[PDB]
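A single chain, nothing else alongside it, follows as structure tokens in the form deposited without its partner chain.
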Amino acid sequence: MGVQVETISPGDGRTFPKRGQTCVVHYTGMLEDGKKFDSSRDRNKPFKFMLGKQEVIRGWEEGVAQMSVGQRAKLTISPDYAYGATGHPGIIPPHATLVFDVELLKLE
């Protein structure tokens, strides 16, 4: 499968990221069992990435573009849209489905 987006709290429902914009987000990343492997909130610094430059996993590129500014959403990402068969040594196992709690703070 691809990426599923499940809403947690609504945004403005009007402003969606376009290609080339910088997305400023807080996020928490968890394995399918619920173990957290990454979180911007723990570092007290939002994460920025430019949509369309493939600086993040495909699931983020397609999932976050579906969010409006101010929305918090749950992205469930299958391995093909994520770290795939390889995974990431000692962080993400092979063939892992990931769950991201993501809040789109603003666009730049």
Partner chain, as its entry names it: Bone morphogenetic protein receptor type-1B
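Residue numbers count along the first chain shown, from 1.
- Comparing 28-36 with 59-67, the stretch with the higher mean C-alpha B-factor in the PDB entry is 28-36.
- The question of which stretch, 74-82 or 44-52, has the higher mean Cα B factor is settled in favour of 44-52.
- In this PDB entry, residue 90 carries a Cα temperature factor that places it within the highest third of its chain's modelled residues.
- In the deposited entry, the Cα temperature factor of residue 102 sits in the bottom third of values across the chain's modelled residues.
- Placement of the Cα temperature factor of residue 20 within the chain: highest third of the modelled residues, per the deposited record.
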